[PDB]
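Pasting my_file_22.tsv here (TSV, C-alpha atoms (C1' of nucleotides) and all ligand atoms):
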```tsv
chain	number	residue	atom	x	y	z
X	1	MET	CA	257.96	-73.73	5.54
X	2	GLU	CA	258.00	-70.83	8.03
X	3	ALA	CA	260.05	-68.71	5.60
X	4	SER	CA	260.42	-65.01	6.44
X	5	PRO	CA	257.32	-63.27	7.96
X	6	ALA	CA	254.88	-61.97	5.31
X	7	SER	CA	254.08	-58.81	7.31
X	8	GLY	CA	257.84	-58.21	7.57
X	9	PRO	CA	259.71	-56.16	4.92
X	10	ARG	CA	261.71	-57.92	2.18
X	11	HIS	CA	264.69	-55.75	3.20
X	12	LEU	CA	265.41	-58.18	6.06
X	13	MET	CA	267.16	-61.45	5.15
X	14	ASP	CA	266.04	-64.69	6.82
X	15	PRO	CA	268.58	-65.98	9.40
X	16	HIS	CA	268.37	-69.63	8.35
X	17	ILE	CA	268.82	-68.79	4.66
X	18	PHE	CA	271.61	-66.30	5.44
X	19	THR	CA	273.39	-68.77	7.73
X	20	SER	CA	272.71	-71.76	5.46
X	21	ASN	CA	273.83	-69.83	2.36
X	22	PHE	CA	276.92	-68.50	4.18
X	23	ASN	CA	277.45	-71.87	5.90
X	24	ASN	CA	279.06	-73.18	2.69
X	25	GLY	CA	278.35	-76.70	4.01
X	26	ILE	CA	277.95	-79.80	1.80
X	27	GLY	CA	274.36	-80.25	0.58
X	28	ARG	CA	272.08	-77.80	-1.28
X	29	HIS	CA	272.98	-74.08	-1.42
X	30	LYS	CA	271.59	-71.33	-3.68
X	31	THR	CA	274.12	-68.84	-5.10
X	32	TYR	CA	273.40	-65.34	-3.75
X	33	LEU	CA	274.96	-61.99	-4.72
X	34	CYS	CA	274.91	-59.12	-2.20
X	35	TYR	CA	276.04	-55.59	-3.15
X	36	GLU	CA	276.09	-52.17	-1.44
X	37	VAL	CA	276.18	-48.62	-2.86
X	38	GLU	CA	277.74	-45.65	-1.04
X	39	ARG	CA	278.35	-42.03	-2.10
X	40	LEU	CA	281.81	-40.58	-1.34
X	41	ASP	CA	281.95	-36.88	-0.41
X	42	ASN	CA	285.40	-35.24	-0.61
X	43	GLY	CA	286.94	-38.40	0.89
X	44	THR	CA	283.97	-38.75	3.28
X	45	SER	CA	281.94	-41.93	2.74
X	46	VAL	CA	278.19	-41.21	2.75
X	47	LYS	CA	275.43	-43.84	2.70
X	48	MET	CA	272.05	-43.18	1.06
X	49	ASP	CA	268.68	-43.74	2.79
X	50	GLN	CA	268.78	-47.44	1.84
X	51	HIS	CA	270.36	-48.84	-1.35
X	52	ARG	CA	271.28	-52.27	0.06
X	53	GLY	CA	270.15	-55.13	-2.20
X	54	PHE	CA	271.14	-58.62	-3.39
X	55	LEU	CA	270.38	-61.01	-6.27
X	56	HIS	CA	269.94	-64.81	-6.37
X	57	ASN	CA	270.59	-67.33	-9.16
X	58	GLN	CA	267.12	-68.82	-8.60
X	59	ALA	CA	264.25	-67.26	-10.60
X	60	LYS	CA	260.79	-68.30	-11.85
X	61	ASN	CA	259.51	-68.68	-15.44
X	62	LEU	CA	257.53	-71.78	-16.45
X	63	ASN	CA	256.13	-70.17	-19.61
X	64	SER	CA	259.63	-69.35	-20.90
X	65	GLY	CA	261.62	-71.83	-18.77
X	66	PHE	CA	264.51	-69.45	-19.57
X	67	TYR	CA	266.93	-68.73	-16.70
X	68	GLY	CA	269.16	-65.67	-16.28
X	69	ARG	CA	272.92	-66.06	-16.88
X	70	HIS	CA	275.56	-65.09	-14.29
X	71	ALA	CA	274.14	-62.82	-11.57
X	72	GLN	CA	277.13	-60.52	-12.14
X	73	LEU	CA	275.86	-59.72	-15.65
X	74	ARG	CA	272.42	-58.78	-14.27
X	75	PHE	CA	274.02	-56.37	-11.78
X	76	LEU	CA	275.97	-54.78	-14.65
X	77	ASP	CA	272.62	-53.56	-16.04
X	78	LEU	CA	271.82	-52.28	-12.53
X	79	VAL	CA	274.76	-49.84	-12.80
X	80	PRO	CA	273.19	-47.73	-15.61
X	81	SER	CA	269.88	-47.71	-13.70
X	82	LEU	CA	271.61	-45.80	-10.87
X	83	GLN	CA	272.87	-43.33	-13.49
X	84	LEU	CA	276.33	-42.90	-11.95
X	85	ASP	CA	278.08	-39.67	-13.00
X	86	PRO	CA	281.86	-39.41	-13.71
X	87	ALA	CA	282.01	-36.07	-11.86
X	88	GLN	CA	281.41	-37.93	-8.58
X	89	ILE	CA	283.10	-41.05	-7.13
X	90	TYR	CA	280.97	-43.93	-5.80
X	91	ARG	CA	282.09	-47.05	-3.91
X	92	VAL	CA	280.37	-50.29	-4.98
X	93	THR	CA	281.25	-53.63	-3.34
X	94	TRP	CA	279.98	-56.99	-4.66
X	95	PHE	CA	279.78	-60.00	-2.33
X	96	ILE	CA	279.63	-63.50	-3.86
X	97	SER	CA	279.62	-66.86	-2.03
X	98	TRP	CA	281.84	-68.30	-4.79
X	99	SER	CA	284.76	-66.57	-6.53
X	100	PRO	CA	285.55	-68.93	-9.45
X	101	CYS	CA	283.54	-68.29	-12.64
X	102	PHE	CA	284.59	-69.70	-16.03
X	103	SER	CA	283.36	-67.53	-18.93
X	104	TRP	CA	284.74	-65.53	-21.88
X	105	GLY	CA	282.03	-62.84	-21.66
X	106	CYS	CA	281.28	-62.64	-17.92
X	107	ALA	CA	284.70	-61.27	-16.88
X	108	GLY	CA	285.18	-59.78	-20.37
X	109	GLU	CA	282.12	-57.51	-20.02
X	110	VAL	CA	282.93	-56.78	-16.37
X	111	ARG	CA	286.53	-55.86	-17.23
X	112	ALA	CA	285.27	-53.55	-20.00
X	113	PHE	CA	283.07	-51.71	-17.49
X	114	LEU	CA	286.07	-50.99	-15.24
X	115	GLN	CA	288.04	-49.69	-18.24
X	116	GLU	CA	285.09	-47.49	-19.29
X	117	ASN	CA	284.71	-46.15	-15.73
X	118	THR	CA	288.15	-45.89	-14.09
X	119	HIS	CA	286.66	-43.40	-11.59
X	120	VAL	CA	284.34	-46.11	-10.21
X	121	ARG	CA	285.83	-48.18	-7.37
X	122	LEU	CA	284.81	-51.86	-7.39
X	123	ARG	CA	285.76	-54.24	-4.55
X	124	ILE	CA	285.21	-58.01	-4.91
X	125	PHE	CA	284.92	-60.20	-1.80
X	126	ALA	CA	285.33	-63.98	-2.17
X	127	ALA	CA	283.62	-65.87	0.67
X	128	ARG	CA	285.00	-69.18	-0.65
X	129	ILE	CA	287.38	-70.08	-3.50
X	130	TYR	CA	286.45	-73.54	-4.82
X	131	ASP	CA	283.99	-74.03	-7.72
X	132	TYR	CA	285.90	-74.41	-11.01
X	133	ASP	CA	289.02	-76.46	-11.78
X	134	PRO	CA	292.49	-74.78	-11.68
X	135	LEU	CA	291.60	-73.11	-15.01
X	136	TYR	CA	289.72	-70.41	-13.06
X	137	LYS	CA	293.27	-69.35	-12.15
X	138	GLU	CA	293.73	-67.63	-15.53
X	139	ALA	CA	290.18	-66.22	-15.32
X	140	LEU	CA	290.97	-64.60	-11.95
X	141	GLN	CA	294.08	-62.93	-13.39
X	142	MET	CA	292.01	-61.48	-16.26
X	143	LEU	CA	289.59	-59.79	-13.84
X	144	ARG	CA	292.43	-58.78	-11.49
X	145	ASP	CA	293.85	-56.78	-14.41
X	146	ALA	CA	291.11	-54.14	-13.96
X	147	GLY	CA	289.77	-55.30	-10.58
X	148	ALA	CA	293.08	-55.30	-8.70
X	149	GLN	CA	290.90	-55.12	-5.56
X	150	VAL	CA	290.44	-58.56	-3.95
X	151	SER	CA	289.78	-59.10	-0.23
X	152	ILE	CA	288.75	-62.12	1.88
X	153	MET	CA	285.98	-62.12	4.50
X	154	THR	CA	286.99	-62.46	8.17
X	155	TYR	CA	285.06	-63.79	11.19
X	156	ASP	CA	284.72	-60.23	12.50
X	157	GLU	CA	282.97	-59.30	9.23
X	158	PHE	CA	280.58	-62.25	9.63
X	159	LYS	CA	279.35	-60.85	12.97
X	160	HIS	CA	278.63	-57.44	11.39
X	161	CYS	CA	277.22	-59.08	8.24
X	162	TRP	CA	274.62	-60.95	10.31
X	163	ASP	CA	273.53	-57.75	12.06
X	164	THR	CA	273.53	-55.83	8.75
X	165	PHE	CA	271.98	-58.61	6.64
X	166	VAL	CA	269.99	-60.07	9.56
X	167	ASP	CA	268.24	-58.00	12.26
X	168	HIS	CA	266.49	-60.38	14.68
X	169	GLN	CA	266.17	-59.80	18.45
X	170	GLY	CA	266.61	-62.78	20.80
X	171	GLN	CA	268.47	-64.79	18.14
X	172	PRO	CA	272.21	-63.94	18.26
X	173	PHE	CA	274.48	-65.13	15.43
X	174	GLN	CA	276.04	-68.53	16.19
X	175	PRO	CA	279.43	-68.81	14.37
X	176	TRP	CA	280.58	-72.29	13.29
X	177	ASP	CA	284.10	-73.61	13.92
X	178	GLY	CA	285.21	-73.54	10.27
X	179	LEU	CA	286.32	-69.95	9.60
X	180	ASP	CA	289.59	-70.39	11.50
X	181	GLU	CA	290.73	-73.26	9.28
X	182	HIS	CA	289.53	-71.60	6.06
X	183	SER	CA	290.38	-68.07	7.24
X	184	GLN	CA	294.08	-68.95	7.12
X	185	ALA	CA	293.61	-70.90	3.87
X	186	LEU	CA	291.72	-68.00	2.29
X	187	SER	CA	294.80	-65.79	2.68
X	188	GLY	CA	297.04	-68.61	1.42
X	189	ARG	CA	294.69	-69.38	-1.48
X	190	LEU	CA	294.41	-65.69	-2.46
X	191	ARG	CA	298.18	-65.08	-2.41
X	192	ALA	CA	298.64	-68.37	-4.28
X	193	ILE	CA	296.76	-66.98	-7.30
X	194	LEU	CA	298.65	-63.67	-7.16
X	195	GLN	CA	301.95	-65.57	-6.83
X	196	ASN	CA	301.51	-66.47	-10.52
X	197	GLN	CA	301.92	-62.73	-11.23
X	198	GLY	CA	305.68	-63.13	-10.64
X	199	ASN	CA	305.92	-65.45	-13.66
K	1	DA	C1'	295.07	-76.46	5.87
K	2	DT	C1'	291.98	-80.53	4.01
K	3	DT	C1'	286.27	-82.11	3.74
K	4	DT	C1'	284.92	-85.85	-4.22
K	5	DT	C1'	278.26	-79.73	-3.52
K	6	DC	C1'	272.62	-77.58	-5.85
K	7	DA	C1'	271.48	-74.22	-9.57
K	8	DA	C1'	266.86	-73.61	-15.15
K	9	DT	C1'	260.83	-77.85	-14.66
K	10	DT	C1'	256.83	-81.47	-12.88
X	201	ZN	ZN	280.29	-65.18	-14.03
```
Kindly return the structure encoded in the file as structure tokens.
Ligand SMILES: [Zn+2]
Amino acid sequence: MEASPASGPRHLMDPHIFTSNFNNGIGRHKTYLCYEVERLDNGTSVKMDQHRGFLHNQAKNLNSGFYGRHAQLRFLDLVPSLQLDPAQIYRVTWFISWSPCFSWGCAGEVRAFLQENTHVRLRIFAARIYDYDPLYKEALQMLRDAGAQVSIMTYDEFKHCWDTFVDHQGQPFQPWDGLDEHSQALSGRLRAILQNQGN
DNA sequence: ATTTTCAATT
């Protein structure tokens, strides 16, 4: 297991794990949540020294054997840690490999946060939409009520994501021929869920 | 455009 270099900083993401996790292929994949924090200044976006970070659904705990719930809930507690103030506007984007998520408290608590902080802008990016049965359709509409901000990832974003999430020299990102077929479906799948809004 | 996928330990 070569894994990422020990002398290297944990801020860099391994290329195999990043590609394998973003590959969305059939086999074994660990759910990962990536988020970014930026400070807006009079309409001017400003980035801090380094607030990039991500969370995984895999943790350790043999003595308690207890596992954390949805990674989205854990990030919710990360909001108060930053101590965001209502006098300023901050842009927070959450990236999740899967979009579907059945739960009566996950989206419920997340929706309550948006209602409590209407000045906070939250963007949700769905790398792939296929994890829960069609029921997730109603769950998506519930979150869309307060999170009316849904966007799909594009191949161009993948190139930048690798450089931003991965910074290796001599190992360029090698895109797989699968975004074109899903890229068009992602737009069709996203509008399909919103099409129910006409009802 | 589609691909009948692992996640709590030893
Ligand atoms: Zn959830």
What would the list of residues within 7 Å of (271.0, -72.6, -8.8) (file frame) look like as a CSV table (one decimal) with C-alpha atoms (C1' of nucleotides), in the frame of the given file, if all atoms listed in the file are what count?
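Listed below is the output, selection-v2.csv:
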```csv
chain,number,residue,atom,x,y,z
X,30,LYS,CA,271.6,-71.3,-3.7
X,31,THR,CA,274.1,-68.8,-5.1
X,57,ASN,CA,270.6,-67.3,-9.2
X,58,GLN,CA,267.1,-68.8,-8.6
K,6,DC,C1',272.6,-77.6,-5.8
K,7,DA,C1',271.5,-74.2,-9.6
```
Distance query residue 43 (chain X) at most 12 Å, only C-alpha atoms (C1' of nucleotides), self and fewer than 4 positions along chain excluded, as number ranges by chain:
X: 38-39, 88-91
Distance cut-off 9 Å, counting only C-alpha atoms (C1' of nucleotides) - which residues of chain K neighbour chain X? Return them as an MDAnalysis selection string.
chainID K and resid 1 3 5:9
So what do you get for CA of residue 73 (chain X) versus CA of residue 10 (chain X), distance-wise?
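Separating CA of residue 73 (chain X) from CA of residue 10 (chain X) is a distance of 22.8 Å.
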Two-atom distance - CA of residue 103 (chain X), CA of residue 134 (chain X) (Å)
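Result for CA of residue 103 (chain X) versus CA of residue 134 (chain X): 13.7 Å, one decimal.
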May I ask which of the residues X:23, X:195, X:50, X:99 is the closest one to ligand ZN 201 (chain X), counting all atoms listed in the file?
X:99
For region 165-177 of chain X: contacts at 10 Å, only C-alpha atoms (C1' of nucleotides), fewer than 4 positions along chain excluded, given as a short mmCIF file (atom, residue, chain, number, x, y, z; two decimals) with C-alpha atoms, keeping the file's coordinate frame:
```cif
data_model
loop_
_atom_site.label_atom_id
_atom_site.label_comp_id
_atom_site.auth_asym_id
_atom_site.auth_seq_id
_atom_site.Cartn_x
_atom_site.Cartn_y
_atom_site.Cartn_z
CA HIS X 11 264.69 -55.75 3.20
CA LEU X 12 265.41 -58.18 6.06
CA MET X 13 267.16 -61.45 5.15
CA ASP X 14 266.04 -64.69 6.82
CA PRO X 15 268.58 -65.98 9.40
CA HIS X 16 268.37 -69.63 8.35
CA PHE X 18 271.61 -66.30 5.44
CA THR X 19 273.39 -68.77 7.73
CA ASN X 23 277.45 -71.87 5.90
CA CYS X 34 274.91 -59.12 -2.20
CA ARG X 52 271.28 -52.27 0.06
CA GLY X 53 270.15 -55.13 -2.20
CA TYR X 155 285.06 -63.79 11.19
CA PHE X 158 280.58 -62.25 9.63
CA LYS X 159 279.35 -60.85 12.97
CA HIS X 160 278.63 -57.44 11.39
CA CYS X 161 277.22 -59.08 8.24
CA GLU X 181 290.73 -73.26 9.28
CA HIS X 182 289.53 -71.60 6.06
#
```
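Comparing the minimum interatomic distances between residue 87 (chain X) and each of X:49, X:163, X:157, X:41, counting all atoms listed in the file, we find that X:41 sits nearest.
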Could you give me, as a PyMOL selection string, the residues that have an atom at most 9 Å away from the point (293.3, -66.4, -4.3) in the coordinates of the file, using all atoms listed in the file?
chain X and resi 99+126+129+137+140+150+152+186-194
Once you count all atoms listed in the file, which residues end up within 6 Å of ligand ZN 201 (chain X), and could you hand them over as a PDB file with C-alpha atoms, in the frame of the given file?
```pdb
ATOM      1  CA  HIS X  70     275.560 -65.090 -14.290  1.00  0.00           C
ATOM      2  CA  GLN X  72     277.130 -60.520 -12.140  1.00  0.00           C
ATOM      3  CA  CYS X 101     283.540 -68.290 -12.640  1.00  0.00           C
ATOM      4  CA  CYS X 106     281.280 -62.640 -17.920  1.00  0.00           C
TER       5      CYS X 106
END
```
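Between CA of residue 37 (chain X) and CA of residue 71 (chain X) the interatomic distance comes to 16.8 Å.
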To test the calculation: enclose all listed atoms of region 7-15 of chain X in a box whose edges run along x, y and z, add 6 Å on each side, then state centre and edge lengths in Å to one decimal, as lines of an AutoDock Vina configuration file.
```
center_x = 261.3
center_y = -60.9
center_z = 5.8
size_x = 26.5
size_y = 22.2
size_z = 19.2
```
Just checking: using all atoms listed in the file, which residue out of X:104, X:112, X:198, X:51 ends up closest to residue 82 (chain X)?
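That would be X:51, the residue with the smallest distance to residue 82 (chain X).
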